[PDB]
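>>> my complex, first installment, coordinates as in the assembly:
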Amino acid sequence: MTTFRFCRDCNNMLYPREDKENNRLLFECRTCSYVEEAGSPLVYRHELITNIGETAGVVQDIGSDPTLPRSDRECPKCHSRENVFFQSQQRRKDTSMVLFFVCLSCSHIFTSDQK
Amino acid sequence: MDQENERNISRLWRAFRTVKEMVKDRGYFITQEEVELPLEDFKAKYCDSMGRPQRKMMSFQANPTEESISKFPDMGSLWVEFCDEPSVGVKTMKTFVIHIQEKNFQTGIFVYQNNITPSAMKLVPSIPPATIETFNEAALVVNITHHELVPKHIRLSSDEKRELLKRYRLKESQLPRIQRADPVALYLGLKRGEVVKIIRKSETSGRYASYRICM
Amino acid sequence: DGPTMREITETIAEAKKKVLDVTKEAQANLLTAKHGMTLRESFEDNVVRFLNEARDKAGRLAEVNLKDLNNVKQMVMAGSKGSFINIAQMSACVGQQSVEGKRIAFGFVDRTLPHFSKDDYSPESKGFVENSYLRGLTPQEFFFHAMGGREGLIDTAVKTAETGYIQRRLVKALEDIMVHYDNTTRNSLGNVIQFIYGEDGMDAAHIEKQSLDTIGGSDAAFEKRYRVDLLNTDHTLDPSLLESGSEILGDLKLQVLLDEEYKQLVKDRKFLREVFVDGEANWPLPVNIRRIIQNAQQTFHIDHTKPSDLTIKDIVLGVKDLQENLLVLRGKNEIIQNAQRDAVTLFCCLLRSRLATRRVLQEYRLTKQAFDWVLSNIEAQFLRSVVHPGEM
Amino acid sequence: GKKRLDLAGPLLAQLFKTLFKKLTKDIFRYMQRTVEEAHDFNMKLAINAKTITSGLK
């Protein structure tokens, strides 16, 4: 799940296989017959829910947008009195209403989760 | 493990109580004592020391001569036999049919556990004039007659039906109809052409009587 | 006046402060969601409840402030036109504009209008109107009101068509149902749908809402109001009530009649309790006994002090004759007789409740002629209230 | 912001496009018919002009 394995030779991807002979896990391109050591204890992973720490893309020049409201919360890092905040950008009916404050200076993200 | 056995025992006891109540309501002779049989007594009698539910609960009900025989001089004896097999087979139902025929029982009630075989259902309507009725334990766990939304159903004899038709001047088709597969019809064992009487309570009159024909 | 507007403004400000506190609590994830609802649905429900309560309180204050000489108040009190909500919206505050039951949705990206800021959940930005019609509306609440009116117009336009289609189908599906001369409801094919119209055979236009005293009340009150005993202490009949006082004591026929009447009354009470689980006593019934007895009392000039000329035996026999004289089916066989007997059970219960011996000799005191007139009027009204065969 | 309004612009453009295509088809059919004998321009043009005027009206 960390990264889909791609063959160094050619450009295809490496499905996974078992080296029981050496009782090991080896990823195989099975097109050009390229096999490496393939050292990883994870094969597949599925995530049922979505976390809250994803915030947003937080692209630079976020302060250039005038539609984002401004607040006066103190930044934990630089102790500034100016910042912008927005709700979580995950679009579902179960997401909470926690605000993600973004510091225009020092490029810091701090949430309002006082739980 | 033990909780599943206890739940199955309780469900079997409730089904047995419902079967006894249905037999009593159909017009046969069942004392009120055996109807409210305690769970402890049921476990002591119909269950062995190991704890597995033994389906030895076979009873033969006879029609009382006080009212049942007088109203319907054609009712004989009833044979209700529970089955130990989880899913019944064609051969087992053949032995059941032979057992019913040997002592010429007028009607017999068979209760399965999970599902019924279509092959056995094909031969279900055989061996006339004896009628074979099939029931499910899950459907018989609770009694639907005791529900507050289900009014009282009273069967009508041939003379009563003829008198009603003559008095109201109606044909057989000019009556409300109830399906033969209706749960109340199965509970009462209604046959084709049988007229049932329904007594309900209304907000305009104290009592109201309605008649339906099993068609 | 000034103080009333100040109080309304204070109430609105308090509601806005409460909404702001709720929003602040929710934004910190300290809010607890009601079971079966998400963290947003409960918050929205709380917000709309607070806003509606504030609007109702402001409207009630404005209505209270209005004097008795107010023309709108006079129109509302008379009931000719207007209501409390109209006065509230015209004088104190216009209610929050809503779409399909919810607040104004975010038409833009997390915004309702371009003039607001992103992720704004304040009541003003979500479609809550603070001003009244007299004061005037800002452009935002004007737009919200326009959206609400558009929704209303669309709802009316769709509803009229759907209701027309439903009405046409219902009329076409029940156009052949008639009541025949045998008091049975049948279709064109002759199939019987109802063995008696309305399960009682009574015309709808000849039914009035009446209360049954037997079902209601406590056991002690019921016994005090109904039980009458002669050869015993307590619940005794006052001799001055009737001219035959101080002489009916020691009689056996009167005592057995009284106790059998009490047994019938208690059986009727049990039957009514079984029929009506909720205990409701006000039910529509054909003939209004109370109006008849009041008319008889007014037209006969009862002295309410002189002893009555009625007798217990005469009253009981008259009640039984009246009960037997109510015919709805008029049949001779057993089935029709049983149907007629059990199709007037509720009316018999009401008649027994309203014509008890204690009630007649204590509250509604009538003479022999007045009692006969009451019985004849009851019988005539019941006979005239029966449904007419041939009705659609 | 994702919807467009059609004034008396592209509607007349579509009408004129269809009618001009009919014009071209008619003139091409006449040219194909006349390759055997001779050529001239103002016989199919007039009839197809009546067609385009009638269609627009």
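Now that the structure is in, tell me what you want to look at. Numbering: from 1, shown residues only, chains lettered A, B, ... in the order given.

>>> where exactly do the helices run in chain B?
With helices called from DSSP state H, chain B shows them at B:2-26, B:32-35, B:39-46, B:68-71, B:90-102, B:118-123, B:137-140, B:158-168, B:183-188.

>>> how far does the fifth one sit from its chain's centre?
Read it as helix B:90-102. 19 Å (C-alpha atoms, centre = their mean, to the nearest Å).

>>> tell me the buried residues in it?
B:92, B:93, B:96, B:97, B:100 (16 or more other C-beta atoms under 10 Å in any protein chain shown). Heads up, the C-betas are built off the backbone N, CA and C, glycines and all.

>>> out of those residues, give me the two with the largest separation.
In terms of C-beta to C-beta, those reach their longest pairwise distance at B:92 and B:100, which sit 12.8 Å apart.

>>> quick check: residue C:177 touching residue C:187?
Yes - under the criterion of C-beta atoms under 8 Å, residue C:177 makes contact with residue C:187 at 5.7 Å.

>>> overlap in contacts, these two.
Residues within reach of residue C:177 and of residue C:187 at once, by C-beta atoms under 8 Å, 6 or more residues apart in numbering or on different chains, are residue C:193.

>>> ok, now which ones touch the residue positioned nearest the centre of chain C?
Geometric centre of chain C, nearest residue: residue C:282, 8.0 Å, by C-alpha atoms, centre = their mean. Residues near residue C:282 by C-beta under 8 Å, 6+ apart: C:209, C:210, C:211.

>>> nearest spatial neighbour of the first one, chain-adjacent residues omitted?
Counting by C-beta to C-beta, 6 or more residues apart in numbering or on different chains, residue C:284 is the residue found nearest to residue C:209 once chain neighbours are left out, at 5.0 Å.

>>> check which residues of stretch B:182-200 are buried.
B:184, B:185, B:186, B:187, B:188, B:189, B:190, B:194, B:195, B:196, B:197, B:198.

>>> as CSV, these with distance to chain C would be great.
What follows is the buried residues of stretch B:182-200, written out as CSV (distance: C-beta to the nearest C-beta, whole Å):
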residue, distance to chain C
B:184, 19
B:185, 19
B:186, 25
B:187, 23
B:188, 21
B:189, 25
B:190, 19
B:194, 17
B:195, 12
B:196, 14
B:197, 11
B:198, 11
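
>>> circling back: nearest to residue C:139, out of the helices of chain B?
Using C-beta to C-beta, the helices of chain B put helix B:183-188 closest to residue C:139, at 63.2 Å.

>>> just checking, what packs against that closest one?
Applying 3 or more C-beta pairs under 8 Å, 6 or more residues apart in numbering or on different chains; DSSP states H and E, we find helix B:183-188 packed against helix B:2-26, strand B:152-155.

>>> to the structure above, add chain E:
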Amino acid sequence: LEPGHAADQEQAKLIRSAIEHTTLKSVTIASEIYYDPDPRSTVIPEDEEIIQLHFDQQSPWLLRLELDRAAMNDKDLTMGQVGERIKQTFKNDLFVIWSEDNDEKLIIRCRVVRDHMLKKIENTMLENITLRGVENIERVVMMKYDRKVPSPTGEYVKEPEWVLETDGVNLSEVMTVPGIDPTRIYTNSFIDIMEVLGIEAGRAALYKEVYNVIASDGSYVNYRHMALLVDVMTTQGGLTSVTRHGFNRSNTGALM
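The block that follows adds chain E to the chains above:
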């Protein structure tokens, strides 16, 4: 609920165990397919202690569910019960290892002894399987309602009682659940009532629904009209919808 345990809050809390708790979907957070050629040992040390204390017998592929602390809340924690239900729904060689329900996070591991087939068994264990409750039921809401019951003195009084509202409709087996009152159960869907109660009960439920619809706004309609409508629509053994396929498919006159 039962008349005896009407105001019993503990009985009400025990009730609502009939809600369908989906398998490893509303309780778990993540799923792992950690590969381990060693049937006994494991690469990570998180569960080495539980493996040590716990101890065709080799499972090269291993499952792992992260679960969540919400298992203790709402429904019972029952760390062993979930794995026991998985075992009794799988059996065969689906050897699983339980957690100790005290080492902070709750981890349940599944192993199969004989990767494409692994996905199929994971899908079966995740999509179509139930632990406890009644199927076709999603949300159950508990609320308190006031019911009028006569007092021992003979007077009607308002007695509060607990009432459960269920989003789903599975009355066929809901009525058989112990601890509830089967003679007072009601469903706004009259379609399912007749198949379990009868035609008359279905007619009564249909009349109740019609009355509720009519009286919602506040208007009053005489009982005779609604009674006639419900009797006409249920003259036969089942519902006769007022449509083309309903009343218009009878033995009446062709012209009509």
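
>>> what do you get for the buried residues of stretch B:182-200 once chain E is counted?
So stretch B:182-200, judged by 16+ other C-beta under 10 Å, has buried residues B:182-190, B:194-198, B:200.

>>> any idea how far chain B is from residue E:149?
15 Å (C-beta to the nearest C-beta, to the nearest Å).

>>> list the contacts for that residue?
E:156, E:157, E:159.

>>> what pairs with residue E:97 across the strands?
Note on residue E:97: beta-bridge partners by DSSP bridges are residue E:109.

>>> the nearest residue to residue E:155 once chain neighbours are set aside and residue C:133, how far apart?
Leaving aside its sequence neighbours, residue E:155 sits nearest to residue C:218 (C-beta to C-beta, 6+ apart; 4.5 Å). Residue C:218 sits 52 Å away from residue C:133, going by C-beta to C-beta, to the nearest Å.

>>> picking up where we left off before, need phi/psi at the residue nearest to the centre of chain C.
phi -90, psi 110 (degrees, to the nearest 10).

>>> surely the residue nearest to residue E:155 touches residue E:152?
No - look at residue C:218 against residue E:152 with C-beta under 8 Å: they stay out of range, at 10.5 Å.

>>> flag every buried residue along the top helix by length along chain C.
Longest helix in chain C by number of residues (criterion: DSSP H): helix C:139-173. Residues of helix C:139-173 classed as buried by neighbour count (16+ other C-beta under 10 Å): C:140, C:141, C:143, C:144, C:145, C:147, C:148, C:169, C:173.

>>> same list, these, but only the ones touching chain E.
Among the buried residues of helix C:139-173, the residues within reach of chain E (C-beta under 8 Å from any C-beta of the partner chain) are C:169, C:173.

>>> quick one: which of the buried residues of helix C:139-173 is nearest residue A:83?
residue C:140 (27.0 Å).

>>> apart from its chain neighbours, what residue comes closest to that closest one?
residue C:113 (6.1 Å).

>>> in three-state terms, label the one you found for me.
coil (DSSP: H, G, I helix; E, B strand; the rest coil).

>>> in which helix or strand does residue C:383 reside?
helix C:368-384 (DSSP states H and E).

>>> between the two ends of stretch C:128-146, how far is it?
Stretch C:128-146 stretches 13 Å from its first residue to its last (C-alpha to C-alpha, to the nearest Å).

>>> ok, and what's touching that stretch?
If you take C-beta under 8 Å, 6+ apart as the criterion, stretch C:128-146 is touched by C:12, C:51, C:89-97, C:104, C:113, C:115, C:124-125, C:127.

>>> now with 7 Å, please.
Stretch C:128-146 has contacts (C-beta atoms under 7 Å, 6 or more residues apart in numbering or on different chains) with C:12, C:51, C:89-97, C:104, C:113, C:127.

>>> here's chain F, drop it onto the model above:
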Amino acid sequence: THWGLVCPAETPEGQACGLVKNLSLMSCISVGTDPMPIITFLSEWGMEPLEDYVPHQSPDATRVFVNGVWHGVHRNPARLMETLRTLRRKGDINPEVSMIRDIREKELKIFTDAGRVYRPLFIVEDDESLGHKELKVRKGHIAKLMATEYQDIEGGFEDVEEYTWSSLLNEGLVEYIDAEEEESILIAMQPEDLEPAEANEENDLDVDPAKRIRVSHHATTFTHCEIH
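Just below you will find chain F, in place on the chains above:
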């Protein structure tokens, strides 16, 4: 999104309710413009073509869309947006050309087709003389407009050379905003909202009790103002 484009009250009753809409006052519809000059301007100012573009090694790139067609990416959307706005306000680009930038989505869409509905709006720019944002239109421009309006009745000798609405558009005081571009701007209802940050707040003041209450302000980054 119908604010300022269609009448919220004018609609027929019946089956056509909501389907027939009447254009509001001060509402216009674009006629169309070829996008080739826009493409040339984008290429001249620095804009990598889509052909020689790799998603990796260029994570922070804003896609550029012209009439719904992807043409390439830009490494600094803010500078290009400012240049395009300056060109449009100077009259070099057609005033009816929509230009909307999505900072979060990393997209820059430019529309030059026909059928779009737009309305004029005031332009608010920060002024260092007053220390706060103020309307670009001034009393001098207002006086010139009134002089033009009065002159045409008489035989005026081109006192201000017919200072008309086109002059306002070309000077940069009023610009056209469509529905799509309305999602990236902040609009003040009235010029009274463009007061200093304090705006006489946190101080007790007396106002007319019968006057309609208004919240107003609650912002300091206004980019446009409603004409009326």
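
>>> what do you get for the contacts of stretch C:128-146 once chain F is counted?
C:12, C:51, C:89-97, C:104, C:113, C:127, F:3, F:8-9, F:189, F:210, F:212-214.

>>> filter those down to the buried ones.
C:12, C:51, C:89-97, C:104, C:113, C:127, F:3, F:8, F:189.

>>> give me the beta-bridge partners of the residue nearest to the centre of chain C?
Beta-bridge partners, per DSSP bridges, of residue C:282: residue C:211.

>>> hang on, the earlier thing: is chain B contacted by the helix holding residue C:383?
No - against chain B, helix C:368-384 shows no contacts by C-beta under 7 Å from any C-beta of the partner chain, the least distance being 13.4 Å.

>>> which elements pack onto that helix?
helix C:289-300, helix C:312-324 (3 or more C-beta pairs under 7 Å, 6 or more residues apart in numbering or on different chains; DSSP states H and E).

>>> mind putting these into TSV with mean neighbour count and distance to residue C:366?
TSV is the format used below for those (neighbours: other C-beta atoms under 10 Å in any protein chain shown; distance: least, C-beta to C-beta, whole Å):
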stretch	mean neighbour count	distance to residue C:366
helix C:289-300	15	6
helix C:312-324	15	10
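
>>> of all those, which lies closest to chain D?
Of all those, it is helix C:289-300 that lies closest to chain D, at 67.3 Å by C-beta to the nearest C-beta.

>>> which residue does chain E bring closest to chain D?
For chain E, C-beta to the nearest C-beta, closest residue to chain D: residue E:138, 35.4 Å.

>>> quote the end-to-end distance of stretch E:43-56.
Distance across stretch E:43-56, first residue to last, is 21 Å (C-alpha to C-alpha).

>>> in it, what's buried?
E:47, E:50.

>>> same check, this time on stretch A:72-82
Buried residues in stretch A:72-82 (16+ other C-beta under 10 Å): A:75, A:80.

>>> right, and residue B:85 touches residue B:93 too?
No - using C-beta atoms under 7 Å, residue B:85 is not in contact with residue B:93, being 10.1 Å away.

>>> run a quick neighbour tally on the residue of the stretch 101-250 of chain E found nearest chain F.
Residue nearest to chain F within the stretch 101-250 of chain E (C-beta to the nearest C-beta): residue E:217, separated by 23.5 Å. The burial count assigned to residue E:217 is 6, neighbours taken as other C-beta atoms under 10 Å in any protein chain shown.

>>> could you do residue E:91 as well?
8.

>>> quick one: contacts for it?
By C-beta under 7 Å, 6+ apart, residue E:91 has no neighbours at all.

>>> show residues contacting stretch C:54-69.
For stretch C:54-69, the external contacting residues (C-beta under 7 Å, 6+ apart) are C:1, C:4, C:7-8, C:11-12, C:15, C:73, C:84-85, C:87-88, C:91-93, C:95.
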